[PDB]
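This document opens with one chain alone, in structure tokens, the form deposited in one PDB entry.
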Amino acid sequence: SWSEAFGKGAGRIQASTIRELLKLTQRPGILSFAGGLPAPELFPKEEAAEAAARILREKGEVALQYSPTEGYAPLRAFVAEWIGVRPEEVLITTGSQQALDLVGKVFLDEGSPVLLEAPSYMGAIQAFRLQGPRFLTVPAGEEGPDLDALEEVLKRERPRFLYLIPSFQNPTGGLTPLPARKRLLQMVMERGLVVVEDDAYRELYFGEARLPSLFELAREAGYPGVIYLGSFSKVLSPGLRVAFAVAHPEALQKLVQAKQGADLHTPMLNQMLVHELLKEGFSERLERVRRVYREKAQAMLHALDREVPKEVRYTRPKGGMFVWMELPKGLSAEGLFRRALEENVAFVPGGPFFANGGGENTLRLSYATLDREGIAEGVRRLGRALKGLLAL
């Protein structure tokens, strides 16, 4: 009997709705506002092809061979220069999703408290839940985490770490403002707490400039407790699975040793390809990806303003890939999903973004994948489904 054969871990293991939706959304005719999949037109497939061939011809014996866990050295150096750290502080990971898995392994045990936002990224919840922690949450909004709520929790609990996405939070799109970051840093430093800062959407700001990361603020202050996660997924290629973690040597060593057991190393070809593509013109590329997402966000907001009844509330992003919607408390996002799917529109129901449940009346919308036309038509269909279900 498999249920009898499985360990406790298997009982905590549940499928990710984002992961499962991809099987639906990659089918033709589906208008996807579901997974945060980058606009296909942004993939530099032609340039990647030329670079991959060159790597394999000129350096194939390196690209194809086992390599040390820490990563391709020129890639680590590039990340170090970009982030403002030294190459030896950088671990290359197989997507930031891997860094989440690793931090879970290093910090969490059965019953151990961990703190994140409600809602937060379901892939983090999933990775952490494997360890059987006790989730503590504080509400998150358009302005980031409720720091009065956080203050209350920290008087009562000592979380193993705080998992936060200060820049264009998944799924709310929230941007934690600078005074709030500084306040958070103080709260963390006073208690000597660990922060896991997920900066997946770092470069996808729509305004004039990005805000300093918690990690930059900690480094300025000389606080070693921020583990910084970044990824090439949203800026170049999610499919390559190449990302990085930066951390104090002791924490970094454990992440390294956990990674050895997880996959040995991130594939070398992929690391080398990322470095070849980005070593020249990265700033110019980042400007283009910001422009593309800004335009899609603008189209999305215009369509929502037009099509959605004004009893329904939704966030207005200043960056990233997501709009977060809240239905009159009573209306089910899962019910809404069924109706929208009949009209070939997919979104992510909000429930699974809440680590302790609730949020059955919320949903996440991604404007990353569709063109202007698809966004307007998808939202039109959504509005109609919304109006129908509000009536009943």
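Rigid core (definition): largest C-alpha set, two forms, superposition within 1.5 Å. Start at 1 with the first residue shown and count on from there.
Below, we turn to the form deposited in another entry, even though it does not appear here.
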| said: Out of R380, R372, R19, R12, I need the residue that shifts by 2 angstroms or more at the Cα between the shown form and the other one, core superposed. | reply: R19
| request: Inspect the rigid-core superposition and answer whether the C-alpha of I30 shifts by 2 angstroms or more between the shown form and the other one. | output: yes
| By the 2 angstroms cut-off, has the C-alpha of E58 moved between the shown form and the other one once the rigid core is superposed? | no
| Sense of the change in Cα distance from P317 to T17 in the other entry - at least 3 Å versus the shown form | farther
| query | How does the CA gap of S16 and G239 change in the other entry versus this form, closer or farther, if it moves 3 angstroms or more? | reply | farther
